[PDB]
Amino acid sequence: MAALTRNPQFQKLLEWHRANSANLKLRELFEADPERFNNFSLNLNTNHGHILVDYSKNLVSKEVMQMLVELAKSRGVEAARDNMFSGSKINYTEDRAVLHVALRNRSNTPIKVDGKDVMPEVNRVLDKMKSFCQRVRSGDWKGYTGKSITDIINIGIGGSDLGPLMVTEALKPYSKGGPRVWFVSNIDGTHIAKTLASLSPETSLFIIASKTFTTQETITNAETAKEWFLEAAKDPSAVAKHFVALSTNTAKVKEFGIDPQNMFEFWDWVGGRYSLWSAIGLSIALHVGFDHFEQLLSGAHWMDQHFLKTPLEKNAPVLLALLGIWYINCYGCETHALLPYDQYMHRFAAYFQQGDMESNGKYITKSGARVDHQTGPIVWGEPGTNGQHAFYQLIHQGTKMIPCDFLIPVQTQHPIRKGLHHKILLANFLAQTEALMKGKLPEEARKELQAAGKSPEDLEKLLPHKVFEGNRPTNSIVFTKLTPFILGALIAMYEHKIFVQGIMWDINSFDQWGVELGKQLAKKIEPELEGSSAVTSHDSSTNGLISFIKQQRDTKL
């Protein structure tokens, strides 16, 4: 088998689930114990706001949580965590350290890789970012015609795109005095074309974000941007005023033709999907200011320390991870929904789609043996309250069990109409998890149908449609306000949740070998699309699709 399934604490948990999980009813759990909320929630005081992690509306008892914590211990979570933090090469397939925690290590306590403290270099790049932010935001950095920069365009994909995008969206209220920020990522020419259409070459600065500086989408987009720029500037030396690079590849940055002083470095132990805390966050710092960027780092650092110092039984990312294991490996739930009741957080779910799914969508363990159990879930979601009108129908009355995290700030960035909108938002946030837990009983629905003037025949037929089984588990994560600090803490919390799950599954959360095949096959097809010749080199579907492309591309509509 695999490490997890051979573990006796896991076997005990699974056997308990088989024998007892039918006895678990949320309504009954709360009725039996008025201390349930108190015993199944964590109220974290960060000194810069509180984060309440309420996991009480979950299908767990004291005994279940105990079994889960014991499993985390016997799967080596505590030791694995310490190994990450100390710079051990825990990304074992690539023989790399995993040190996004170093990027936000505000204490500056030494963290060594290959015997060398990484903190001086982390801080050197941060200082460079701060200086660049001053130059650009002040208007001192001039474009090729001597004008101040008004627009910043990040060009990158995946880990070099989603973090900065999600964070600048979430922290929009903190962007006064900052340039407008744009994100180009898709190779689809629509993306760069529609972006450039709204910009002036005189006042636009491009940030080319790429760990490797070889990613086809990013370099192609970058070259398109440069061509557009040079059409107006007509001077190759002006490129240095309008293009900067975030990379680990000094040589490839030079080949593109960017000034070496224009390069903001990061390191191989910064995974792309854990990179917003590094030089990759330059567009964040430019947009909201370096002070706010430091606050974002500080929030993450707080959560890192919480994760490092806290006994597992009251350790927020550990508990979230354990609940996920319970639902994935015992209940067999394929998915996990992230439902922020916050428009600014509209890209939060998409961010953790990558963070979670690219990390833990794995099937080979440390020993090289194939898993014989589920690993990472499919992560999805949209902001509330919109979901209530759109897919919550299925959450309430479908045939799937879907663990949901509901998230909301207590304080809104826009307290319009004396707080009326936020009052309603909060009320919906609370009511939805309550409804998911409680459902609606036949006796309740029957009285409603009776009062609505339904005939005995109509009542009889309608009744089962109006009944809600409930017993649908949720987490509620509530925080004082969505400030840069609190957002940093929240992102770090989910990073560590993902880490804990990966350790428990015995997989590598930090590689991504699954990207290779698609890239190889795309390289083969690209040159085949050019010209009129029939393509026969693939399976009949691929060939047939190419034939359709060649036949349809000249047709005038």
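One-based numbering along the sequence shown. Superpose the two forms; the largest set of C-alphas matching within 1.5 Å is the rigid core.
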Output the stretch, either 41-49 or 519-527, that has more C-alpha displacement from this form in 5 other deposited structures of this protein following superposition by the rigid core. 519-527
Between 425-433 and 242-250, report the one with more C-alpha displacement in 5 other deposited structures of this protein relative to this form after a rigid core superposition. 242-250
Quick check: 68-76 versus 111-119, which has the larger average CA B-factor in the record? 111-119
Taking the deposited Cα B-factors and averaging over 441-449 and over 478-486, the higher mean is found in 441-449
Sorting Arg347, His191, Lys252, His100 by Cα temperature factor from the record, which one lands on top? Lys252
Reading the B-factor column for Cα atoms of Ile491, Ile51, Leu26, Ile503, the highest value belongs to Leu26
Split into thirds by Cα B-factor across the chain's modelled residues, where does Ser278 land: lowest, middle or highest? lowest
Considering every modelled residue of the chain and its Cα B-factor in the PDB entry, is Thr335 in the lowest, middle or highest third? lowest
Using only modelled residues of the chain, where does the Cα B factor of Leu205 rank: lowest third, middle third or highest third? middle
Consider only the C-alpha atoms of the modelled residues in this chain, order them by B-factor as the entry records it, and name the third containing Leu545: lowest, middle or highest. lowest
Check where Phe510 lands among this chain's C-alpha B-factors and tell me if it's the lowest, middle or highest third. lowest
